[PDB]
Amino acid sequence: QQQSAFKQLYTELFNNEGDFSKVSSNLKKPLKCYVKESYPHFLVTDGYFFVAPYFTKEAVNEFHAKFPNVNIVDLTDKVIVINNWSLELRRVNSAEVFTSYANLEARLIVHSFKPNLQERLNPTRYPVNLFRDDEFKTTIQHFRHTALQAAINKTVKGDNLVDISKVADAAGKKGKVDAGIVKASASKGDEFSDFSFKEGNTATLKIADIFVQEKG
């Protein structure tokens, strides 16, 4: 059961190892959405949540071409229609990118969007950050839990159980708690990163560069 186009899409993507080709086909249709903000952060909504669309250097050039009298950074409170887009998973620093969770992000790559200037949209609930939603956050936690469980079951073996003598008859025995620390995977750093999905890769423009390109 579902009403939030953005929530359903992002949820299926995550529940499909980031494989956008495996997500429902009856959902890859044009997306008519309201523009909540345009700077310093461009944020659109589907009537329930707001997400950050990422424009390719192509999409912006096409837009400017077919719409010279229109500035993207000034699309606030205006409605747009993304006719060509895709979804991909990226590893980010959730401490910096608020449109993500658990150092993971589902990006909406926009290839082509038309501005339906002066179109009034139906009154809806106040838009909230999708990555702050309870269910979606949980959906992402399920994702990591799955990746972690697989890695751990592959890394931890041999049933290296603490010898019973170390816990029983330990009156004159002292130990450090870090002895209970066990690596979860062959990860390079101090952060878990042993995932199976292939991180999407697509050059995208920073909202600041488009600001200078329209009023440098």
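In this text, the rigid core denotes the largest set of C-alpha atoms whose superposition between the two forms falls within 1.5 Å. Residue positions are given as counts along the sequence shown, with the first one as 1.
Superposition on the core shows that, in 8 other deposited structures of this protein, the C-alpha atoms drift more in one of 120 to 128 and 72 to 80; this is 120 to 128. The stretch with the higher mean CA B factor, choosing between 81 to 89 and 97 to 105, is 81 to 89. In this entry, 54 to 62 has the higher mean Cα B-factor, the comparison being between 54 to 62 and 174 to 182.
The PDB entry gives the largest Cα B-factor of the residues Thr139, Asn129, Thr146, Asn71 to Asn71. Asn26 sits in the highest third of its chain by CA B factor, as recorded in the PDB entry.
When the CA B factors of the chain's modelled residues are split into thirds, the value for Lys166 lands in the lowest one.
The entry lists a Cα temperature factor for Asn201 that places it in the highest third of the chain's modelled residues. Ranked by C-alpha B-factor against the other modelled residues of its chain, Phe67 falls in the highest third.
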